[PDB]
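See below for the structure under consideration.
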Amino acid sequence: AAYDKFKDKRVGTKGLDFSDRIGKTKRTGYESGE
Amino acid sequence: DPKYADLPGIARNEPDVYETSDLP
Amino acid sequence: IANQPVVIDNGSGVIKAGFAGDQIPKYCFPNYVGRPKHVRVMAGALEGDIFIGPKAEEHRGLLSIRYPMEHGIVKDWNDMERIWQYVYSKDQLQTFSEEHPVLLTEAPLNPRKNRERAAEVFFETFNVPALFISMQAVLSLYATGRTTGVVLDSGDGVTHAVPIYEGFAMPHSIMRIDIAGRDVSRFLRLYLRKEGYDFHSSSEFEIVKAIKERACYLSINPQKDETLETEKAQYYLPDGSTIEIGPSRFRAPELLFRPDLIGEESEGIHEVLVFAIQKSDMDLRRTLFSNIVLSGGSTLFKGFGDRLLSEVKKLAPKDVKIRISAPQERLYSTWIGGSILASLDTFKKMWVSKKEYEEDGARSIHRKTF
Amino acid sequence: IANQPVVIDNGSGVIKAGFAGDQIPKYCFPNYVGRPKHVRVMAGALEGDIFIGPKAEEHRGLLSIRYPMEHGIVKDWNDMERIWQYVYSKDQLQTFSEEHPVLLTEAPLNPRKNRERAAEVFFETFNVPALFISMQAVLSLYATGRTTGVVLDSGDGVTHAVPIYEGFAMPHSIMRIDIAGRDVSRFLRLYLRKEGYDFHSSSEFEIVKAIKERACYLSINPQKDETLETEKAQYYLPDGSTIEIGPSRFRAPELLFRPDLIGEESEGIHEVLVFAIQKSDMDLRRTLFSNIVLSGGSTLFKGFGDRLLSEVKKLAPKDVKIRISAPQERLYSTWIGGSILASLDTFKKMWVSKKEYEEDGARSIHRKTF
Amino acid sequence: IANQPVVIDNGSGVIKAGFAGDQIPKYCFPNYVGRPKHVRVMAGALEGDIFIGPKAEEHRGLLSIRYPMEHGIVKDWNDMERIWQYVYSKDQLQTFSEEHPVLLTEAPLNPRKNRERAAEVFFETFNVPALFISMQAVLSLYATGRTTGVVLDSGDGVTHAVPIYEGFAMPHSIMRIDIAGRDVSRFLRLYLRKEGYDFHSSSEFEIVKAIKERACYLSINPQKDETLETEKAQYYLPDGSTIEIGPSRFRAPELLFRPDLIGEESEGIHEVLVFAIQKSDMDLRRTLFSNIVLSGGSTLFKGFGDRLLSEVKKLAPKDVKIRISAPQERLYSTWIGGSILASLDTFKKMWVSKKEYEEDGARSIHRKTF
Ligand SMILES: Nc1ncnc2c1ncn2[C@@H]1O[C@H](COP(=O)(O)OP(=O)(O)O)[C@@H](O)[C@H]1O
Ligand SMILES: Nc1ncnc2c1ncn2[C@@H]1O[C@H](COP(=O)(O)OP(=O)(O)O)[C@@H](O)[C@H]1O
Ligand SMILES: Nc1ncnc2c1ncn2[C@@H]1O[C@H](COP(=O)(O)OP(=O)(O)O)[C@@H](O)[C@H]1O
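Chains as they are written, first to last, in our numbering: chain A, 1 to 34; chain B, 35 to 58; chain C, 59 to 428; chain D, 429 to 798; chain E, 799 to 1168.
Structural data, given as structure tokens:
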């Protein structure tokens, strides 16, 4: 049932970088599931 | 100054004033 | 084909949208953009980096609030255009902007380039049949149903008084002041920090606004309540925590009557009203005191009428009859006016067609704006 | 990739392994390497100097136990690599490491050098197609099937609380403490010596762990039950000898709520949960109290829910609804989450490829991992 | 009696005490109360449960540290009263509180209740002849010997900027931010945990503060120093163990310019300085850029002036002369000002007498505060 609920959910991994880099303001990983 | 020098928290080997260039 | 025109009240606080003939605005949402501050980690999360209206109201804690328009001037046009795009979305109205004409309501004595740029959007981006910009004061008169009357419209963004006699507006007697509802909320915040309650976040500032709207009374005599020890009325926060508001309740709203408190050397709202009448010709002055109309959200403070009436009486000439009429629907008077005006057959001649804009450009909309 | 990804739950106590789609972890064995301390004299005796999983459990008496990982940090990498080799061996999954992708589940706020070295092994020693490291808290939400909730995951190695709202995680509100299940076992051993029961050997410490799981209840009032004369509850040891545990049953596990007992300057498990919520925005605090999810084996103590709810209620604000939800499979929740996430097609984009690692290096793991 | 007044600089980090006329503060000690956490077993052991100043620094390992004041606001008054009692004791100034007047230096925009309770102590608990509360910024001008200048006082507890022109202080242009030196120490601690060095104890946090002061430089360009390989500067702990700080050296102090790093929705320190000047009238803005005075301990970072001037230059108007003057005694400037002000005969009219307080009460302090 959990798989069926989350089955069609997607994430935007383009431009993804979680690391402690100061350059270029704030970042938020996984933009959208478009 | 030798009077304030006795204190532990004194700035040494630093410029007194920071200022912008007069010439563009 | 002449489709039913859409009325859009471009308020700084809340945008009120509906069709001409509608009794109430069907779609009313706050005029700010909310973007998520926190990072998305889990799949099946809230989609989109932009939230507008009820979607931003429910998830306020997650989002960072940014107001695109301050004191009736649009600082960020990209955000305001996206908000006007949302007005015609599947959530609100559910119609094409190319099919229906548009009626916009701007504040008096605004910059020319602000109005010009706003119009460009509705003629260039949105291929609207016709656009008519209207004054806030004139629409309030259609709503009230009076040709003669002084309209003191104290909004969230700006406060202004426009004296209009038998449908004639005196363009030299118009007085607008930047101090409005938004400044009182910032001024109240200063008193909350002095009591020891910090509200740094943009999400927390909306609670300070809610505290002002819920628990704030305008004292008839300032000094009496200043000298006397207050009850320190408690307010319950969303989380469950209790704060003591105390003297900040009545000290915050004084800003409207005393700009000296924030340090701005401007006239008080009571001086604006009387001065605007005193500028008029000697025989009309008496009628304008007799017919005073209150509008705008910042008039909704408890005891507003009693305090204003006392201040106007002190400044007004002796033995003059002063009758201040305040409609119960103060907030919705501007929109109701737009609906009445838009429904009139004459309105078809009033607006500027898309074709006329393309030929003459900004010149056309600048001629028919007042 | 056609080959199913392998889920590896690198727990301090027991490693849970299996393929994505599987309902329960097929392969669960204790996380330690047992070496024979006694001398081999006869021909036909037990072969090998290394015993892992059920072979170590069967012939425990011969072996000296040595845990490679402490508080989710690999102390001996040579031993940890051999256990990962054991996961792929004929006794466990019996598959090639280069054919299947890997999903690793480490605790939050671990050292960067641990994550870097751990990854290096799966690209250098094992020629894995792609590696993705995931957080324990996020996976627990996939198992429960909820986007919003606070996950209090008290493991054997580490106890941490991560508040996540509609997928979004607040990384600054994450609280981690080294004190966990293994520390209570050591703390109980202290009371067993005071009572007069010696368990010096590494094998005898595993019996102390079994005693803890069998006979320990969490008192609602600790000072009351400490003063009152306790019933001497007898436990039968593997050899046949009977030991009276007595008051040590409830005095030992109290460490979770009172870290001052061992003498560590840290917050109690009840303070960790509430403090993590209090750091979150004012609007979301009431919803986070409403959605509390328990995880880890260290919550299985009798009266945990009763004691925790009493402690949270005292720290929490007045007139707030506090609902603590316990999944029936508390121990297996984290792994099941991994299987659910791994089965999703969105997981394919999340991967760090072998080729990508070789080009960027350690940077790729830090960039793509949370 | 006109006994010489005592100047007390109630700083968040270190309290600076001495008599008026003194060139430097004689008695400077850390602002916290250390209590012994371990049990006393011996009969000749250290006497007392309260250690303040050099006794606490020497025997730090035994004690549990707890700061009574946070962001310049006294949380525990019982502890604050004992510290003022210690100022008068044989270890520090060694004088009667009844004989000498006092000069107190509080931060701007503090709660009214804070001053009221603080005053009660010096008039009721201590029978002080007279008390005068003064601003930190105004005293800095007496120390520097300049009537016109902006005083950016970035302390351990609080950072604030007060623009003062030819003696006149603009109260509406004063900007205060909670983020200060103590927050950078906590933010650095997070990076040490990521490297794999735990400092849970209150005593161990004081070593982290010492590490920051010894080895921490402010990057002129963050992207350059982020890209370039950082030199791993080793620090030796009391036991002998070495720690390599590495890239965390410059990442920690960046918090002052970017509060979004810790996750606080506030303006950067560089915005605070420029915004405070921009709030002032057009005529004074150019002179305020000409007369900028740096103060506080958080300005002592290597390359602070170079980075600040670059950030101010970007925000400031084009082709304006920006001269930032830093006194060599940045830490001691506030107290030196206090001694200069206190030495004046005009000071007799400035302070509030014990009898004057008893008659009027708290009201006298509130009138003269600013
Ligand atoms: N009950 C109330 N008491 C006091 N102030 C109020 C009350 N309700 C609203 N306000 C103030 O009035 C504002 C609404 O302004 P509004 O009339 O919508 O502006 P506009 O004319 O630009 O559309 C609110 O943001 C708030 O500051
Ligand atoms: N019934 C029980 N009662 C009390 N403690 C238990 C019980 N079962 C397991 N534990 C404790 O929980 C531990 C299991 O931790 P676990 O949740 O598997 O770790 P991780 O989450 O790090 O993989 C055991 O080693 C033991 O200390
Ligand atoms: N050399 C230094 N480099 C960087 N920061 C320093 C240095 N010396 C002290 N600090 C910081 O400044 C703080 C001192 O603040 P202080 O000037 O005492 O504030 P206050 O005005 O509240 O008395 C210390 O706690 C430390 O965080």
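Note that the Cβ used here is the ideal one computed from N, Cα and C, for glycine as well.
| task | Use the C-beta contact count for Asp877 (chain E): other C-beta atoms within 10 angstroms, 16 or more gives buried, fewer gives exposed. | result | buried
| query | Which of the three DSSP states, helix, strand or coil, is assigned to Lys444 (chain D)? | reply | strand
| How is residue 842 (chain D) classed by DSSP in three states: helix, strand or coil? | Residue 842 (chain D) lies beyond the residue range present for chain D, which begins at 429 and ends at 798; the question has no answer from this structure.
| Taking DSSP as the reference, what is the three-state secondary structure of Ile602 (chain D)? | coil
| query | With C-beta atoms as the reference, is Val926 (chain E) less than 7 Å away from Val900 (chain E)? | reply | yes
| According to DSSP, which residues form a beta bridge with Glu672 (chain D)? | D:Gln662
| query | CA-CA distance, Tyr593 (chain D) and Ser260 (chain C)? | reply | 19 Å
| Taking the continuous alpha helix (DSSP H) assigned at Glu914 (chain E), which residues delimit it? | 910-918
| task | Check each candidate in C:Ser306, C:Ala374, C:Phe308 and name the one with the smallest Cα separation from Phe333 (chain C). | result | C:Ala374
| request: Look up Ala219 (chain C) in the DSSP assignment and give the residues it is bridged to. | output: C:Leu210, C:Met233
| Limits of the alpha helix (DSSP H) - the one that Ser368 (chain C) falls within | 362-373
| said: I want to see whether chain E comes within less than 7 Å of residue 39 (chain A), judged by CB atoms only; does it? | reply: Since the first residue of chain A shown is 1 and the last is 34, residue 39 (chain A) is not available in this structure.
| message | Considering only their Cβ atoms, is the gap separating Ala1050 (chain E) from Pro803 (chain E) smaller than 7 Å? | response | no
| Should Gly1103 (chain E) be labelled buried (16 or more other beta-carbon atoms within 10 Å of its own) or exposed? | buried
| Whose C-beta lies closer than 8 Å to the C-beta of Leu1107 (chain E) among residues of the same chain, with five residues either side of it excluded? | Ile1120, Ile1122
| Got a sec: is the Cβ-Cβ distance from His857 (chain E) to anything in chain C below 7 Å? | no
| message | Using beta carbons (cut-off 7 Å, strictly below), is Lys171 (chain C) in contact with chain E? | response | no
| Contacting residues, own chain, Cβ-Cβ under 6 Å from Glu672 (chain D) (five flanking each side not counted) | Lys660, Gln662
| message | Between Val700 (chain D) and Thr572 (chain D), how many whole angstroms is the CB-CB distance? I'm expecting something under 8 Å. | response | With 8 Å as the limit, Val700 (chain D) and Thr572 (chain D) do not qualify as a contact, their Cβ atoms being about 19 Å apart.
| request: Could you please give the first and the last residue of the uninterrupted alpha helix (DSSP H) stretch that includes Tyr886 (chain E)? | output: 875-886
| Of the residues C:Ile423, C:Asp418, C:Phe428, C:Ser70, the one placed nearest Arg240 (chain C), counting alpha carbons only | C:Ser70
| Can you tell me the Cα-Cα spacing of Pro126 (chain C) and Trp142 (chain C), whole angstroms? | 12 Å
| query | Interface residues of chain C around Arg714 (chain D) at Cβ under 7 Å? | reply | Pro296, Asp297, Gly298
| Distance, Cα to Cα, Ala967 (chain E) vs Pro961 (chain E)? | 6 Å
| Beta carbon of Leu250 (chain C): closer than 6 Å to some heavy atom of ligand 1? | no
| query | Is the Cβ of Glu1063 (chain E) closer than 7 Å to any Cβ of chain C? | reply | yes
| request: Indicate the three-state DSSP secondary structure (helix, strand or coil) for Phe190 (chain C) in the structure shown. | output: strand
| task | Kindly list, in the order they appear in chain E, the residues whose Cβ is closer than 8 Å to that of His466 (chain D). | result | Correct list: empty, because the minimum Cβ distance to chain E is about 37 Å.
| request: State yes or no: is the C-beta of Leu358 (chain C) nearer than 6 Å to some heavy atom of ligand 1? | output: yes
| query | According to the neighbour-count rule (16 or more other Cβ atoms, all chains shown, within 10 Å of its Cβ), is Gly225 (chain C) buried or exposed? | reply | exposed
| query | What are the start and end residues of the alpha helix (DSSP H) that includes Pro1020 (chain E)? | reply | 1020-1025
| task | In the DSSP assignment, find the alpha helix (DSSP H) that holds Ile705 (chain D) and state where it starts and stops. | result | 697-706
| query | DSSP on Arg1121 (chain E), reduced to helix/strand/coil? | reply | strand
| Short CB-CB distance (under 7 Å) between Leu41 (chain B) and chain E | yes
| task | Over the uninterrupted alpha helix (DSSP H) stretch that includes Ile423 (chain C), give me the two end residues. | result | 420-425
| message | For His600 (chain D), would you say it is in contact with chain A, using Cβ-to-Cβ distances shorter than 7 Å as the test? | response | no
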